[PDB]
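Text of the file work31.pdb, holding PDB, C-alpha atoms (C1' of nucleotides) and all ligand atoms:
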```
ATOM      1  CA  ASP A  36       8.064  18.818  27.569  1.00  0.00           C
ATOM      2  CA  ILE A  37       4.807  16.863  27.450  1.00  0.00           C
ATOM      3  CA  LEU A  38       1.535  18.270  28.770  1.00  0.00           C
ATOM      4  CA  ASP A  39      -1.475  16.164  27.738  1.00  0.00           C
ATOM      5  CA  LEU A  40      -2.582  13.491  25.277  1.00  0.00           C
ATOM      6  CA  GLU A  41      -2.300  15.844  22.336  1.00  0.00           C
ATOM      7  CA  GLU A  42       1.322  16.771  22.935  1.00  0.00           C
ATOM      8  CA  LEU A  43       2.405  13.166  23.501  1.00  0.00           C
ATOM      9  CA  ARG A  44       0.629  12.499  20.202  1.00  0.00           C
ATOM     10  CA  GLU A  45       2.712  14.966  18.215  1.00  0.00           C
ATOM     11  CA  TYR A  46       5.840  13.776  20.014  1.00  0.00           C
ATOM     12  CA  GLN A  47       5.099  10.272  18.722  1.00  0.00           C
ATOM     13  CA  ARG A  48       4.089  11.154  15.149  1.00  0.00           C
ATOM     14  CA  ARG A  49       7.301  13.133  14.718  1.00  0.00           C
ATOM     15  CA  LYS A  50       9.521  10.308  15.930  1.00  0.00           C
ATOM     16  CA  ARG A  51       7.790   7.634  13.877  1.00  0.00           C
ATOM     17  CA  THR A  52       7.966   9.678  10.682  1.00  0.00           C
ATOM     18  CA  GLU A  53      11.667  10.347  11.305  1.00  0.00           C
ATOM     19  CA  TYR A  54      12.784   6.809  12.138  1.00  0.00           C
ATOM     20  CA  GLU A  55      10.769   5.054   9.495  1.00  0.00           C
ATOM     21  CA  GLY A  56      12.291   7.470   7.010  1.00  0.00           C
ATOM     22  CA  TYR A  57      15.672   6.196   8.153  1.00  0.00           C
ATOM     23  CA  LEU A  58      14.508   2.584   7.987  1.00  0.00           C
ATOM     24  CA  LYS A  59      12.903   3.338   4.623  1.00  0.00           C
ATOM     25  CA  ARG A  60      16.320   4.111   3.140  1.00  0.00           C
ATOM     26  CA  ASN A  61      18.212   1.379   5.085  1.00  0.00           C
ATOM     27  CA  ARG A  62      16.308  -1.906   5.462  1.00  0.00           C
ATOM     28  CA  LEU A  63      19.572  -3.008   7.094  1.00  0.00           C
ATOM     29  CA  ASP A  64      21.294  -1.187  10.014  1.00  0.00           C
ATOM     30  CA  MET A  65      19.786  -3.522  12.598  1.00  0.00           C
ATOM     31  CA  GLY A  66      20.743  -1.247  15.483  1.00  0.00           C
ATOM     32  CA  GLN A  67      18.198   1.196  14.073  1.00  0.00           C
ATOM     33  CA  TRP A  68      15.433  -1.427  14.173  1.00  0.00           C
ATOM     34  CA  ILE A  69      16.423  -2.249  17.738  1.00  0.00           C
ATOM     35  CA  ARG A  70      16.449   1.362  18.997  1.00  0.00           C
ATOM     36  CA  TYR A  71      13.143   2.053  17.273  1.00  0.00           C
ATOM     37  CA  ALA A  72      11.619  -1.002  18.948  1.00  0.00           C
ATOM     38  CA  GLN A  73      13.035   0.199  22.264  1.00  0.00           C
ATOM     39  CA  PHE A  74      11.416   3.630  21.865  1.00  0.00           C
ATOM     40  CA  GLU A  75       8.225   1.801  20.960  1.00  0.00           C
ATOM     41  CA  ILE A  76       8.323  -0.008  24.295  1.00  0.00           C
ATOM     42  CA  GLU A  77       9.025   3.171  26.281  1.00  0.00           C
ATOM     43  CA  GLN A  78       5.638   4.399  24.934  1.00  0.00           C
ATOM     44  CA  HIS A  79       4.016   1.453  26.796  1.00  0.00           C
ATOM     45  CA  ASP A  80       2.546   0.224  23.490  1.00  0.00           C
ATOM     46  CA  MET A  81       3.548  -3.384  22.954  1.00  0.00           C
ATOM     47  CA  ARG A  82       1.473  -4.394  19.929  1.00  0.00           C
ATOM     48  CA  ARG A  83       3.453  -2.059  17.694  1.00  0.00           C
ATOM     49  CA  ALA A  84       6.670  -3.260  19.338  1.00  0.00           C
ATOM     50  CA  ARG A  85       5.829  -6.876  18.484  1.00  0.00           C
ATOM     51  CA  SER A  86       5.315  -5.978  14.883  1.00  0.00           C
ATOM     52  CA  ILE A  87       8.429  -3.824  14.724  1.00  0.00           C
ATOM     53  CA  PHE A  88      10.439  -6.761  15.877  1.00  0.00           C
ATOM     54  CA  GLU A  89       8.756  -9.148  13.531  1.00  0.00           C
ATOM     55  CA  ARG A  90       9.579  -6.927  10.573  1.00  0.00           C
ATOM     56  CA  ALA A  91      13.059  -6.706  11.874  1.00  0.00           C
ATOM     57  CA  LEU A  92      13.211 -10.503  11.591  1.00  0.00           C
ATOM     58  CA  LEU A  93      11.770 -10.641   8.078  1.00  0.00           C
ATOM     59  CA  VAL A  94      14.741  -8.678   7.053  1.00  0.00           C
ATOM     60  CA  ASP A  95      17.309 -10.827   8.885  1.00  0.00           C
ATOM     61  CA  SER A  96      16.683 -13.869  11.129  1.00  0.00           C
ATOM     62  CA  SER A  97      20.250 -14.974  11.531  1.00  0.00           C
ATOM     63  CA  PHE A  98      20.956 -12.010  13.703  1.00  0.00           C
ATOM     64  CA  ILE A  99      20.532 -13.414  17.116  1.00  0.00           C
ATOM     65  CA  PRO A 100      20.857 -10.240  19.230  1.00  0.00           C
ATOM     66  CA  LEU A 101      17.530  -9.217  17.796  1.00  0.00           C
ATOM     67  CA  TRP A 102      16.078 -12.584  18.805  1.00  0.00           C
ATOM     68  CA  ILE A 103      17.419 -12.149  22.282  1.00  0.00           C
ATOM     69  CA  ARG A 104      16.214  -8.570  22.716  1.00  0.00           C
ATOM     70  CA  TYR A 105      12.840  -9.541  21.242  1.00  0.00           C
ATOM     71  CA  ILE A 106      12.748 -12.086  24.053  1.00  0.00           C
ATOM     72  CA  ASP A 107      13.808  -9.753  26.843  1.00  0.00           C
ATOM     73  CA  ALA A 108      11.382  -7.198  25.456  1.00  0.00           C
ATOM     74  CA  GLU A 109       8.670  -9.807  26.151  1.00  0.00           C
ATOM     75  CA  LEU A 110       9.995 -10.848  29.566  1.00  0.00           C
ATOM     76  CA  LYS A 111      10.742  -7.442  31.071  1.00  0.00           C
ATOM     77  CA  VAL A 112       7.040  -6.636  30.597  1.00  0.00           C
ATOM     78  CA  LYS A 113       6.342  -9.856  32.535  1.00  0.00           C
ATOM     79  CA  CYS A 114       4.502 -11.577  29.682  1.00  0.00           C
ATOM     80  CA  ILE A 115       5.845 -15.133  29.375  1.00  0.00           C
ATOM     81  CA  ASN A 116       3.872 -17.166  26.904  1.00  0.00           C
ATOM     82  CA  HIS A 117       4.919 -14.811  24.101  1.00  0.00           C
ATOM     83  CA  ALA A 118       8.460 -15.383  25.264  1.00  0.00           C
ATOM     84  CA  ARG A 119       7.773 -19.136  24.917  1.00  0.00           C
ATOM     85  CA  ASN A 120       6.231 -19.377  21.445  1.00  0.00           C
ATOM     86  CA  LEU A 121       9.026 -17.046  20.376  1.00  0.00           C
ATOM     87  CA  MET A 122      11.463 -19.634  21.724  1.00  0.00           C
ATOM     88  CA  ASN A 123       9.938 -22.458  19.791  1.00  0.00           C
ATOM     89  CA  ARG A 124      10.224 -20.319  16.701  1.00  0.00           C
ATOM     90  CA  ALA A 125      13.806 -19.488  17.695  1.00  0.00           C
ATOM     91  CA  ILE A 126      15.504 -22.884  18.293  1.00  0.00           C
ATOM     92  CA  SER A 127      13.341 -24.324  15.467  1.00  0.00           C
ATOM     93  CA  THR A 128      14.620 -21.627  13.179  1.00  0.00           C
ATOM     94  CA  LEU A 129      18.204 -22.006  14.385  1.00  0.00           C
ATOM     95  CA  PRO A 130      18.965 -25.258  16.137  1.00  0.00           C
ATOM     96  CA  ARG A 131      22.695 -25.027  15.691  1.00  0.00           C
ATOM     97  CA  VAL A 132      23.013 -21.999  17.869  1.00  0.00           C
ATOM     98  CA  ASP A 133      23.646 -22.765  21.469  1.00  0.00           C
ATOM     99  CA  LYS A 134      22.693 -19.369  22.875  1.00  0.00           C
ATOM    100  CA  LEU A 135      19.058 -19.955  22.004  1.00  0.00           C
ATOM    101  CA  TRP A 136      18.839 -23.372  23.641  1.00  0.00           C
ATOM    102  CA  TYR A 137      20.665 -22.176  26.738  1.00  0.00           C
ATOM    103  CA  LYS A 138      18.501 -19.084  27.010  1.00  0.00           C
ATOM    104  CA  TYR A 139      15.310 -21.128  26.674  1.00  0.00           C
ATOM    105  CA  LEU A 140      16.652 -23.440  29.409  1.00  0.00           C
ATOM    106  CA  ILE A 141      17.378 -20.588  31.825  1.00  0.00           C
ATOM    107  CA  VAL A 142      13.885 -19.272  31.069  1.00  0.00           C
ATOM    108  CA  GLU A 143      12.634 -22.662  32.261  1.00  0.00           C
ATOM    109  CA  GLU A 144      14.969 -23.007  35.231  1.00  0.00           C
ATOM    110  CA  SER A 145      14.152 -19.615  36.812  1.00  0.00           C
ATOM    111  CA  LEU A 146      10.549 -20.825  36.480  1.00  0.00           C
ATOM    112  CA  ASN A 147      11.694 -24.125  38.067  1.00  0.00           C
ATOM    113  CA  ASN A 148       9.705 -25.969  35.439  1.00  0.00           C
ATOM    114  CA  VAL A 149      11.491 -29.359  35.041  1.00  0.00           C
ATOM    115  CA  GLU A 150       9.211 -31.479  32.867  1.00  0.00           C
ATOM    116  CA  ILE A 151      10.200 -29.090  30.137  1.00  0.00           C
ATOM    117  CA  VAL A 152      13.970 -29.092  30.736  1.00  0.00           C
ATOM    118  CA  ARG A 153      13.856 -32.881  30.625  1.00  0.00           C
ATOM    119  CA  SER A 154      12.033 -33.146  27.291  1.00  0.00           C
ATOM    120  CA  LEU A 155      13.963 -30.041  26.209  1.00  0.00           C
ATOM    121  CA  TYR A 156      17.399 -31.616  26.699  1.00  0.00           C
ATOM    122  CA  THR A 157      15.858 -34.712  25.102  1.00  0.00           C
ATOM    123  CA  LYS A 158      15.567 -32.795  21.858  1.00  0.00           C
ATOM    124  CA  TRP A 159      18.739 -30.721  22.156  1.00  0.00           C
ATOM    125  CA  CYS A 160      20.510 -34.011  22.564  1.00  0.00           C
ATOM    126  CA  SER A 161      18.522 -35.952  19.936  1.00  0.00           C
ATOM    127  CA  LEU A 162      20.276 -33.997  17.219  1.00  0.00           C
ATOM    128  CA  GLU A 163      23.650 -35.345  18.323  1.00  0.00           C
ATOM    129  CA  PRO A 164      24.710 -31.769  19.000  1.00  0.00           C
ATOM    130  CA  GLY A 165      28.208 -31.789  20.417  1.00  0.00           C
ATOM    131  CA  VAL A 166      30.154 -32.264  23.615  1.00  0.00           C
ATOM    132  CA  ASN A 167      28.874 -29.293  25.511  1.00  0.00           C
ATOM    133  CA  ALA A 168      25.222 -30.260  25.199  1.00  0.00           C
ATOM    134  CA  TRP A 169      25.665 -33.653  26.726  1.00  0.00           C
ATOM    135  CA  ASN A 170      28.058 -32.287  29.339  1.00  0.00           C
ATOM    136  CA  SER A 171      25.626 -29.622  30.400  1.00  0.00           C
ATOM    137  CA  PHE A 172      22.789 -32.179  30.461  1.00  0.00           C
TER     138      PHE A 172
ATOM    139  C1'   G B   1     -51.550  -1.856 -41.284  1.00  0.00           C
ATOM    140  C1'   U B   2     -50.994  -5.668 -45.290  1.00  0.00           C
ATOM    141  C1'   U B   3     -52.519 -10.362 -46.993  1.00  0.00           C
ATOM    142  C1'   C B   4     -55.323 -15.173 -47.131  1.00  0.00           C
ATOM    143  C1'   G B   5     -59.912 -17.388 -45.688  1.00  0.00           C
ATOM    144  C1'   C B   6     -64.888 -17.748 -43.788  1.00  0.00           C
ATOM    145  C1'   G B   7     -69.703 -15.800 -42.612  1.00  0.00           C
ATOM    146  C1'   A B   8     -73.334 -11.773 -42.818  1.00  0.00           C
ATOM    147  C1'   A B   9     -75.559  -7.508 -45.060  1.00  0.00           C
ATOM    148  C1'   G B  10     -75.773  -4.184 -49.226  1.00  0.00           C
ATOM    149  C1'   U B  11     -74.095  -3.643 -54.541  1.00  0.00           C
ATOM    150  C1'   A B  12     -74.630  -7.496 -57.030  1.00  0.00           C
ATOM    151  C1'   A B  13     -74.733 -11.786 -60.459  1.00  0.00           C
ATOM    152  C1'   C B  14     -69.625 -14.721 -58.061  1.00  0.00           C
ATOM    153  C1'   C B  15     -68.164  -9.160 -58.284  1.00  0.00           C
ATOM    154  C1'   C B  16     -67.520  -3.434 -55.600  1.00  0.00           C
ATOM    155  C1'   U B  17     -68.686  -1.749 -50.376  1.00  0.00           C
ATOM    156  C1'   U B  18     -69.451  -2.363 -45.066  1.00  0.00           C
ATOM    157  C1'   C B  19     -69.544  -5.335 -40.634  1.00  0.00           C
ATOM    158  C1'   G B  20     -68.230  -9.549 -37.868  1.00  0.00           C
ATOM    159  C1'   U B  21     -64.901 -13.431 -37.159  1.00  0.00           C
ATOM    160  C1'   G B  22     -60.489 -17.026 -38.025  1.00  0.00           C
ATOM    161  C1'   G B  23     -55.452 -17.308 -39.432  1.00  0.00           C
ATOM    162  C1'   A B  24     -50.555 -15.427 -41.139  1.00  0.00           C
ATOM    163  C1'   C B  25     -46.838 -11.523 -41.302  1.00  0.00           C
ATOM    164  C1'   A B  26     -44.257  -7.974 -37.076  1.00  0.00           C
ATOM    165  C1'   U B  27     -41.813  -9.158 -30.574  1.00  0.00           C
ATOM    166  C1'   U B  28     -38.784  -6.517 -24.978  1.00  0.00           C
ATOM    167  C1'   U B  29     -34.694  -0.213 -26.583  1.00  0.00           C
ATOM    168  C1'   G B  30     -31.216   2.418 -23.002  1.00  0.00           C
ATOM    169  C1'   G B  31     -27.814   3.557 -18.195  1.00  0.00           C
ATOM    170  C1'   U B  32     -20.435   1.636 -14.518  1.00  0.00           C
ATOM    171  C1'   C B  33     -22.773   7.690 -16.303  1.00  0.00           C
ATOM    172  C1'   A B  34     -28.882  12.383 -12.881  1.00  0.00           C
ATOM    173  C1'   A B  35     -28.586  19.208 -13.541  1.00  0.00           C
ATOM    174  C1'   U B  36     -22.095  24.056 -11.058  1.00  0.00           C
ATOM    175  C1'   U B  37     -21.360  24.966  -4.062  1.00  0.00           C
ATOM    176  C1'   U B  38     -20.529  19.430   0.186  1.00  0.00           C
ATOM    177  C1'   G B  39     -16.159  13.206  -2.883  1.00  0.00           C
ATOM    178  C1'   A B  40     -11.260  16.324  -4.403  1.00  0.00           C
ATOM    179  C1'   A B  41      -6.348  18.615 -11.660  1.00  0.00           C
ATOM    180  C1'   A B  42      -2.529  21.874 -10.870  1.00  0.00           C
ATOM    181  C1'   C B  43      -1.189  26.645 -10.124  1.00  0.00           C
ATOM    182  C1'   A B  44      -0.630  31.837  -9.707  1.00  0.00           C
ATOM    183  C1'   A B  45       0.167  36.141  -6.755  1.00  0.00           C
ATOM    184  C1'   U B  46       2.398  38.034  -1.856  1.00  0.00           C
ATOM    185  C1'   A B  47       6.422  37.270   1.742  1.00  0.00           C
ATOM    186  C1'   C B  48      10.928  34.917   2.760  1.00  0.00           C
ATOM    187  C1'   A B  49      15.163  33.050   1.126  1.00  0.00           C
ATOM    188  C1'   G B  50      18.590  32.105  -3.424  1.00  0.00           C
ATOM    189  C1'   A B  51      22.427  25.898  -6.223  1.00  0.00           C
ATOM    190  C1'   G B  52      26.478  19.085  -3.728  1.00  0.00           C
ATOM    191  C1'   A B  53      31.216  17.626  -3.387  1.00  0.00           C
ATOM    192  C1'   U B  54      35.892  23.364  -1.314  1.00  0.00           C
ATOM    193  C1'   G B  55      39.548  27.171   2.153  1.00  0.00           C
ATOM    194  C1'   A B  56      36.724  29.415  -2.949  1.00  0.00           C
ATOM    195  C1'   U B  57      34.366  28.869  -8.177  1.00  0.00           C
ATOM    196  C1'   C B  58      32.356  24.925 -11.072  1.00  0.00           C
ATOM    197  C1'   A B  59      31.609  20.127 -15.084  1.00  0.00           C
ATOM    198  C1'   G B  60      29.363  15.905 -14.183  1.00  0.00           C
ATOM    199  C1'   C B  61      27.733  10.317 -13.899  1.00  0.00           C
ATOM    200  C1'   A B  62      25.486   7.181 -10.590  1.00  0.00           C
ATOM    201  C1'   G B  63      23.767   4.690  -5.965  1.00  0.00           C
ATOM    202  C1'   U B  64      18.823   3.543  -2.124  1.00  0.00           C
ATOM    203  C1'   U B  65      13.705   5.662  -1.581  1.00  0.00           C
ATOM    204  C1'   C B  66       6.119   2.880  -0.121  1.00  0.00           C
ATOM    205  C1'   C B  67       8.899  10.847  -4.141  1.00  0.00           C
ATOM    206  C1'   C B  68       8.090  12.026  -8.824  1.00  0.00           C
ATOM    207  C1'   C B  69       7.798  15.774 -13.443  1.00  0.00           C
ATOM    208  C1'   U B  70       8.614  16.787 -19.148  1.00  0.00           C
ATOM    209  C1'   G B  71       9.340  13.405 -22.887  1.00  0.00           C
ATOM    210  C1'   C B  72       6.800   8.564 -28.564  1.00  0.00           C
ATOM    211  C1'   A B  73      10.548   6.518 -25.640  1.00  0.00           C
ATOM    212  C1'   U B  74      14.388   0.740 -22.668  1.00  0.00           C
ATOM    213  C1'   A B  75      16.861   8.191 -25.474  1.00  0.00           C
ATOM    214  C1'   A B  76      17.673  12.534 -22.674  1.00  0.00           C
ATOM    215  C1'   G B  77      16.670  16.281 -19.446  1.00  0.00           C
ATOM    216  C1'   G B  78      14.119  18.536 -14.787  1.00  0.00           C
ATOM    217  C1'   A B  79      20.013  22.376  -9.276  1.00  0.00           C
ATOM    218  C1'   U B  80      24.649  16.227 -10.522  1.00  0.00           C
ATOM    219  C1'   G B  81      15.749  16.349 -10.477  1.00  0.00           C
ATOM    220  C1'   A B  82      14.526  15.969  -5.169  1.00  0.00           C
ATOM    221  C1'   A B  83      15.023  13.490  -0.420  1.00  0.00           C
ATOM    222  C1'   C B  84      20.053  11.186   2.114  1.00  0.00           C
ATOM    223  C1'   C B  85      24.099  14.509   5.292  1.00  0.00           C
ATOM    224  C1'   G B  86      21.009  13.036  11.446  1.00  0.00           C
ATOM    225  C1'   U B  87      20.385  10.321  16.282  1.00  0.00           C
ATOM    226  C1'   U B  88      23.348   5.677  18.430  1.00  0.00           C
ATOM    227  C1'   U B  89      25.075   0.912  25.151  1.00  0.00           C
ATOM    228  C1'   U B  90      23.556  -5.833  26.438  1.00  0.00           C
ATOM    229  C1'   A B  91      25.384 -13.028  22.181  1.00  0.00           C
ATOM    230  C1'   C B  92      28.787 -10.540  27.150  1.00  0.00           C
ATOM    231  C1'   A B  93      32.794 -13.008  29.754  1.00  0.00           C
ATOM    232  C1'   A B  94      37.667 -14.171  32.161  1.00  0.00           C
ATOM    233  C1'   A B  95      41.585 -13.177  35.892  1.00  0.00           C
ATOM    234  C1'   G B  96      43.503 -10.330  39.951  1.00  0.00           C
ATOM    235  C1'   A B  97      42.723  -6.868  44.287  1.00  0.00           C
ATOM    236  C1'   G B  98      40.326  -4.596  48.392  1.00  0.00           C
ATOM    237  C1'   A B  99      35.475  -4.069  51.169  1.00  0.00           C
ATOM    238  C1'   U B 100      30.581  -6.126  52.930  1.00  0.00           C
ATOM    239  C1'   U B 101      27.531 -10.638  54.364  1.00  0.00           C
ATOM    240  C1'   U B 102      27.192 -15.752  55.430  1.00  0.00           C
ATOM    241  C1'   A B 103      26.698 -21.764  55.637  1.00  0.00           C
TER     242        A B 103
HETATM  243 MG    MG A 201      19.855  13.209 -14.831  1.00  0.00          MG
HETATM  244 MG    MG A 202      20.547  12.563  -8.923  1.00  0.00          MG
END
```
Would you give me this structure, written as structure tokens?
Amino acid sequence: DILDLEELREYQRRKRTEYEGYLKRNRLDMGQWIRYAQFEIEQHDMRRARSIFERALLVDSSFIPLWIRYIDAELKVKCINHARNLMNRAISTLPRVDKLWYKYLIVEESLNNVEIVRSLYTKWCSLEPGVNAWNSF
RNA sequence: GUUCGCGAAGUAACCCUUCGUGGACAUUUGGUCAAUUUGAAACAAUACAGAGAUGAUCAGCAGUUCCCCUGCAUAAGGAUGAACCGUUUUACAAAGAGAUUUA
């Protein structure tokens, strides 16, 4: 397959033209947005990946799996702070979803950082959430 | 250049001519733009094919697109105008069983 810069180049251009055709006709079909982001990571170019996710949110934000994978896409490259700000935008966009709060917790427990998880459960309780929040706190 | 006025000289007899001087009349055009190759019409010819739903031969309407063309057109046509017809793994768990390691 690939030889040098120039071949890699053509191999990219072709893919991007193809996909974004297929996204051009379906704004929806989230899976497509995901896969295209995934390819974008495998090219070791993040900036584009960030965007591609963001666009994918501007279409639909209620679709959590995209939130999640746009987290893990930030973590698996071992860049955290992005995966924090993203979390503030996440739970703030959707407080009623547990999966976001729990995932942001685990992100702060595997980092051992407590001060957070204290103030964190302080919020996630302050909204009078439900039985499982208190129980887990 | 005109006209009014003054002064001078000459003609003169308050004028005709010349000179000097004062005043009045008249007042800012045009460029988004330089003169064929290097700041962009689009075709044609040649070659190759030779029309979507089917097992086959065809009528068509649409639908989406950061594609348009002809048309005065919010009419209607342009192969049903064309493109589409492909690639695809994670909100992730529960229970049972054997094996490995260990407080
Ligand atoms: Mg038509
Ligand atoms: Mg059509």
At a cut-off of 9 Å, which residues of chain A touch chain B? Count all atoms listed in the file and give the answer as a PyMOL selection string.
chain A and resi 56-57+59-61+66-67+70+99-100+103-104+134
Taking only C-alpha atoms (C1' of nucleotides) and all ligand atoms into account, list the residues no farther than 10 Å from ligand MG 202 (chain A), as JSON, numbers by chain.
{"B": [61, 62, 63, 79, 80, 81, 82]}
Residues of the last selection are to be written out with C-alpha atoms (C1' of nucleotides), as a PDB file, keeping the file's coordinate frame.
```
ATOM      1  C1'   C B  61      27.733  10.317 -13.899  1.00  0.00           C
ATOM      2  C1'   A B  62      25.486   7.181 -10.590  1.00  0.00           C
ATOM      3  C1'   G B  63      23.767   4.690  -5.965  1.00  0.00           C
ATOM      4  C1'   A B  79      20.013  22.376  -9.276  1.00  0.00           C
ATOM      5  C1'   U B  80      24.649  16.227 -10.522  1.00  0.00           C
ATOM      6  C1'   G B  81      15.749  16.349 -10.477  1.00  0.00           C
ATOM      7  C1'   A B  82      14.526  15.969  -5.169  1.00  0.00           C
TER       8        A B  82
END
```
Please evaluate the PyMOL selection byres (((chain B and resi 22-34) around 10) and not hetatm) against the structure above and give the resulting residues as a PDB file with C-alpha atoms (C1' of nucleotides), in the coordinates of the input.
```
ATOM      1  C1'   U B   2     -50.994  -5.668 -45.290  1.00  0.00           C
ATOM      2  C1'   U B   3     -52.519 -10.362 -46.993  1.00  0.00           C
ATOM      3  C1'   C B   4     -55.323 -15.173 -47.131  1.00  0.00           C
ATOM      4  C1'   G B   5     -59.912 -17.388 -45.688  1.00  0.00           C
ATOM      5  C1'   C B   6     -64.888 -17.748 -43.788  1.00  0.00           C
ATOM      6  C1'   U B  21     -64.901 -13.431 -37.159  1.00  0.00           C
ATOM      7  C1'   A B  35     -28.586  19.208 -13.541  1.00  0.00           C
TER       8        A B  35
END
```
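Of note, CA of residue 118 in chain A and CA of residue 50 in chain A are spaced 27.4 Å apart.
Applied to this file, the PyMOL selection byres (((chain A and resi 85-97) around 8) and not hetatm) selects residues 62, 63, 65, 68, 69, 71, 72, 81, 82, 83, 84, 98, 99, 101, 102, 105 and 129 of chain A.
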Fewer than 5 positions away in the same chain doesn't count, so skip those; otherwise give me all residues within 9 Å of residue 47 in chain A, counting only C-alpha atoms (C1' of nucleotides), as JSON, numbers by chain.
{"A": [42, 52, 78]}
Quick one: distance from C1' of residue 77 in chain B to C1' of residue 58 in chain B in Å, one decimal?
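According to the coordinates, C1' of residue 77 in chain B and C1' of residue 58 in chain B are separated by 19.8 Å.
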Find the distance between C1' of residue 94 in chain B and CA of residue 155 in chain A and write it in Å to one decimal.
29.1 Å
Any idea what's packed within 10 Å of range 137-150 of chain A, counting all atoms listed in the file, ignoring anything in its chain fewer than 3 positions away? Could you give it as an MDAnalysis selection string?
chainID A and resid 103 106 110 115 118:119 121:123 125:126 132:134 153:156 159 168 171
Write to file, as a compact mmCIF listing (two decimals), in the coordinates of the input, the residues of the selection just made, with C-alpha atoms.
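Output file selection24.txt is given in full below:
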```
# COMPACT_ATOMS: atom_id res chain seq x y z
CA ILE A 103 17.42 -12.15 22.28
CA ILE A 106 12.75 -12.09 24.05
CA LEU A 110 9.99 -10.85 29.57
CA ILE A 115 5.84 -15.13 29.38
CA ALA A 118 8.46 -15.38 25.26
CA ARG A 119 7.77 -19.14 24.92
CA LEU A 121 9.03 -17.05 20.38
CA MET A 122 11.46 -19.63 21.72
CA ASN A 123 9.94 -22.46 19.79
CA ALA A 125 13.81 -19.49 17.70
CA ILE A 126 15.50 -22.88 18.29
CA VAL A 132 23.01 -22.00 17.87
CA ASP A 133 23.65 -22.76 21.47
CA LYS A 134 22.69 -19.37 22.88
CA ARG A 153 13.86 -32.88 30.62
CA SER A 154 12.03 -33.15 27.29
CA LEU A 155 13.96 -30.04 26.21
CA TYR A 156 17.40 -31.62 26.70
CA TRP A 159 18.74 -30.72 22.16
CA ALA A 168 25.22 -30.26 25.20
CA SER A 171 25.63 -29.62 30.40
```
Select, from B:71, B:20, B:98, B:78, the residue with the minimum atom-to-atom distance to ligand MG 201 (chain A), counting only C-alpha atoms (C1' of nucleotides) and all ligand atoms.
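Looking at the shortest contact to ligand MG 201 (chain A), the residue is B:78.
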Best match for closeness to ligand MG 201 (chain A) among B:60, B:47, B:40, B:95, counting all atoms listed in the file:
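The closest residue to ligand MG 201 (chain A) is B:60.
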5 Å per side around range 69-86 of chain B: axis-aligned box centre and edge lengths, as lines of an AutoDock Vina configuration file:
```
center_x = 15.7
center_y = 11.6
center_z = -8.6
size_x = 27.8
size_y = 31.6
size_z = 50.0
```
From the set B:51, B:8, B:16, B:76, which residue has the shortest atom-to-atom contact distance to ligand MG 201 (chain A), counting only C-alpha atoms (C1' of nucleotides) and all ligand atoms?
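Selected residue with least distance to ligand MG 201 (chain A): B:76.
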